[PDB]
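Input: a single structure, listed below in structure tokens.
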């Protein structure tokens, strides 16, 4: 079903019931979530439209004429409009994960058309040649990169689509939206852009009066591409001490990817949180109301709070009299100071001193139907018949260690605690000695505390119930049950206190179960400046100190997080093995596709640097960024080493070939690179609601593409000389 | 009426006996408390079709309803695949203290919560109030004074 | 095999109006199985320690319940039954007192009864109530000695006889249908059938 659409038909249906309401009844919706669902999706669409115009600006800063820029500008929507049909025929949808896959795609679907319009900009300016004959001489040179660049970049997202778990569904939304968008832009770079460039371009001759702010950009660019050749010609002399830096760069990343903390999904501010109360086991509901009323008077004077509903007597994970839950909704973001993760801490400090029970304000989960709250879920189950009192005595061993670890912050248990019972023992022999029938003792106890539903009766157009229960003043103490009287055989009444004997004991009030085993459901939130996987591994250290026979398991968000961490080394293995195979099919050798697999860690090197300077984690959005860099940094390698190998077989040696091949393609490499770099600027500097889920996806590909291109254009001419220069 | 000790022996362990064998499972749990009802949740693999997995569990508990007590079958066994979360929360109050809370909850059951389910895509609606009834509060001391 | 199983589930629920009550009070299983035996797990006693009513009791309480937690075990047929409280009445001693078997049945229902638990301080409550606590009463019987003292009211002279005077009370099997040899010696076993697919 749909969140924003079912919430509106309810909002419509209430608006017709305003008419038949009596005087003195008003509707109210003090808790809704679909306000956040609508705000978050237009924040992604507004991110995509700012992503288009920033790509359109840097294409205008390089080609200096607006008719050139519209030729790869219009292949962006038709490639995206062609992907919306494929989503429909495959059963996909429009969510934030698919449209994040289009924000990533905007920088790369222009790349296959940037090379074409750039290449006719040379030939129309170098030889002074007419644009119809200029396009055919351009297309006879660059058809082989784009048919290689497309297959090398459409094939990196296919091994990650076949993962398992909930991370496999997150990778699919990024697979289908980013693979067939470049596949649609491939033909639209070969079919459509030569048709435009042969017609809508009139021959540009040399501006005898060349002027403007753009005129400094063209003269300085021929100063830079003169400066780039002099620096490149220096380092191929020193090609053996340039390789020894490359082992050092790979070594920081192989330790940086293994020692940095991991998580699953960054948690956001959704404008509401949720408090949960748990009094002891014999608290009546008058005692729960006094705890909630103290919680209410601490939120009457915070300015940030719109509403706070409370449901006494019911909560997630158990219902009883000693149970409540509160939904508390904040104002919208521009008015609010003191965002939500600070406000849950102020609840958890003023409600730990006075209010008789466990009060825990938590934040809403990342994914809706994976849990009730953000944190980790543990199922402390016993596996060999140890009995319930041993298992309950096993958790407060575990609950004592986790109160002193600084990698935790209030680990607790979800469910009703233990309590007292009263059991009566009927003395049969005495009962038969007084002539008291046992049948009359056993039903003055049965119909003494429960309610009895008899039949129905019509109450002004509806059949309601008729319920019989004992009066409220005679089922409160134990001594009101021990003064019910039953008739003997002699003729006078015998009270129940003579024939029964009450005895107290202590037994659990809730019998959970998990995978066929008795269990307890332990929860917990990790500490400030400590990730999820750090706290998830120190919990399974402290489980190994328990009495023997007590197992454990992960459930909910945590089981899908541990499953996501075992597959990364395999999905990064295949995604590098596939491109090495498909490059040998194109470049017809084994040595040349080794010169592309050395540029792969030069972009991973910037991916971990940009995290540590910003303090994010290693989550599923970073791993989407890694497979992006594997394909995209190979792209900047493929443009150089393809034109180098062709130049060598036409009659050049190895050293003079790669100098010319890197010089003649500096302009397309810088064009596509910083278009992708400026294509993820609105992912890095987002501000408002749903900002944190954009910071995770964007800062990995930002520093990864900067450290690719600034390192690639000095390193693939080092690798290509050294690998083919063996013998 | 009964405690969670008895539901764990008579009801809960009989139904989880059948679920181990439903295909495409991930895990399955069960819980009971003092309210008098139990609930068992079967979690399947991501990608499993939610209806053809619901017909699997409907096959199996009808193979154990011979052994359940009568008061379970006279109340039935709901099987329903839901979200375990709240979309929204529609309420009714009285600012001038005109109607009490037993009247507001009566108005909510007779009128509001029945037509809220006629919206397509509303799985279930939990009402936290009950409609009216005819309550008889007997005094067990005056009852034995008459021999009743 | 599943979309064919939902076809038959459509149709017998269209005839349960016409079936007798004792069928519907026992239900109708619909289960697609193999009609063969995968394996056959047994328990014996070589030193003749436990008899066969004890071995089959151990098999039902412990073994055959956790064998079905293996995925791919369709059904497990047990060829022994767990224990029960068997009352072997003598119809000649019953008519000597003027009783019937419907009077032996009614005496057990009065004296081995299940009392509904309830709570103390449930929520239509007084003002100022501080403690709630569950309450329950043990109504049932537990041993043999209690079952042999259920009093019966005679109809000839109005005497007071116990249950042990008109019957014989023992712990025995629930059903006495099947028995198992394994190498000439009595044992018990369970037959395991594998699931479809």
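Only residues that are surrounded by 15 or more Cβ atoms within 10 Å (Cβ to Cβ) and over 25 Å from residue C:164 (Cβ atoms) were counted in the stretch C:59-90, giving 15.
Within the stretch C:132-143, the residues that satisfy the criterion of being more than 25 Å from residue B:101 (Cβ to Cβ) and either exposed (fewer than 13 other Cβ atoms within 10 Å of the Cβ) or facing another protein chain (nearest Cβ under 8 Å) (or both) are C:133, C:134, C:135, C:136, C:137, C:138, C:139, C:140, C:142, C:143. Filtering C:187, C:191 for residues that are in contact with a helix residue (DSSP H, G or I) (Cβ under 8 Å, 6 or more places away or on another chain), buried (at least 16 other Cβ atoms within 10 Å of the Cβ) and not in a helix (DSSP H, G or I) leaves a single hit, C:187. Only a single criterion out of (1) outside any helix (DSSP H, G or I); (2) surrounded by fewer than 16 Cβ atoms within 10 Å (Cβ to Cβ) is not satisfied by residue A:268, namely (2).
Restricting attention to the stretch B:67-77 and to residues that are without any contact (Cβ under 8 Å) to a residue 12 or more places away in the chain and either touching a helix residue (DSSP H, G or I) at 6+ places or on another chain (Cβ under 7 Å) or surrounded by fewer than 13 Cβ atoms within 10 Å (Cβ to Cβ) (or both), the residue that is farthest from the other protein chains (Cβ to nearest Cβ) turns out to be B:76. In the condition set (1) more than 50 Å from the chain's Cα centre (by Cα); (2) under 30 Å from residue B:39 (Cβ atoms); (3) surrounded by 14 or more Cβ atoms within 10 Å (Cβ to Cβ), residue A:456 is compliant with all but (3). In the set B:38, B:53, B:63, which member is in contact with a strand residue (DSSP E or B) (Cβ under 6 Å, 6 or more places away or on another chain), touching a residue at least 12 places away in the same chain (Cβ under 8 Å) and within 11 Å of chain C (Cβ to nearest Cβ)? Within the list B:38, B:53, B:63, the selection yields B:53.
For (1) more than 19 Å from residue A:71 (Cα to Cα); (2) free of Cβ contacts under 8 Å to residues at least 60 places away in the same chain; (3) assigned to a helix (DSSP H, G or I), each residue gets a yes or a no:
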{"residue": "A:153", "(1), (2), (3)": "yes, no, yes"}
{"residue": "A:169", "(1), (2), (3)": "yes, yes, yes"}
{"residue": "A:174", "(1), (2), (3)": "yes, no, yes"}
{"residue": "A:181", "(1), (2), (3)": "no, no, yes"}
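Highlighted here are the helices (runs of 4 or more DSSP H) found entirely within the stretch A:1-91 that include at least 2 residues which are within 11 Å of chain B (Cβ to nearest Cβ): A:3-16, A:34-63. Checked against the criterion of being without any contact (Cβ under 8 Å) to a residue 12 or more places away in the chain, over 28 Å from residue B:43 (Cα atoms) and out of contact with any strand residue (DSSP E or B) (no Cβ under 6 Å at 6 or more places or on another chain), the candidates A:577, A:496, A:482, A:572 yield just one match: A:577.
Just one of the listed residues (A:335, A:286) is over 21 Å from residue A:409 (Cα atoms) and away from every other protein chain (no Cβ under 14 Å), namely A:335. On the given criteria, is residue B:90 buried (at least 16 other Cβ atoms within 10 Å of the Cβ), closer than 23 Å to residue A:512 by Cα and in contact (Cβ under 8 Å) with a residue 24 or more places away in the chain? No; evaluated as a whole, the condition is false for this residue. Is one or more of the residues making up the stretch A:463-477 surrounded by 14 or more Cβ atoms within 10 Å (Cβ to Cβ), over 53 Å from the mean Cα position of the chain (by Cα) and touching a residue at least 24 places away in the same chain (Cβ under 8 Å)? Scanning the stretch A:463-477 turns up no residue that is surrounded by 14 or more Cβ atoms within 10 Å (Cβ to Cβ), over 53 Å from the mean Cα position of the chain (by Cα) and touching a residue at least 24 places away in the same chain (Cβ under 8 Å).
Any residue in the stretch A:325-337 that is free of Cβ contacts under 8 Å to residues at least 12 places away in the same chain and either assigned to a strand (DSSP E or B) or over 25 Å from residue A:34 (Cβ atoms) (or both)? No, the conditions are met nowhere in the stretch A:325-337. Any idea which of A:416, A:424, A:391, A:398 is in contact (Cβ under 8 Å) with a residue 12 or more places away in the chain, buried (at least 18 other Cβ atoms within 10 Å of the Cβ) and farther than 19 Å from residue A:506 by Cα? Answer to the check: A:398.
For the stretch B:110-148, enumerate the residues that are more than 8 Å from chain A (Cβ to nearest Cβ) and within 30 Å of residue A:495 (Cα to Cα). Listed by number, the residues that qualify are B:142, B:143, B:145, B:146, B:148.
All but one of (1) within 30 Å of residue C:159 (Cα to Cα); (2) free of Cβ contacts under 8 Å to residues at least 60 places away in the same chain; (3) exposed (fewer than 13 other Cβ atoms within 10 Å of the Cβ) hold for residue C:101; state the number of the condition that does not hold. The single condition residue C:101 does not satisfy is (3). Checking the condition within 14 Å of another protein chain (Cβ to nearest Cβ) and free of Cβ contacts under 8 Å to residues at least 60 places away in the same chain, which residue from A:516, A:551 passes? Being within 14 Å of another protein chain (Cβ to nearest Cβ) and free of Cβ contacts under 8 Å to residues at least 60 places away in the same chain holds for just one of A:516, A:551, which is A:516. Residues that are within 30 Å of residue A:262 (Cβ to Cβ), in contact with a helix residue (DSSP H, G or I) (Cβ under 8 Å, 6 or more places away or on another chain) and within 14 Å of chain B (Cβ to nearest Cβ) do occur in the stretch A:522-534.
Coordinate-derived values only; no laboratory data. Backbone-built Cβ (ideal geometry, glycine too); neighbour counts: all protein chains shown.
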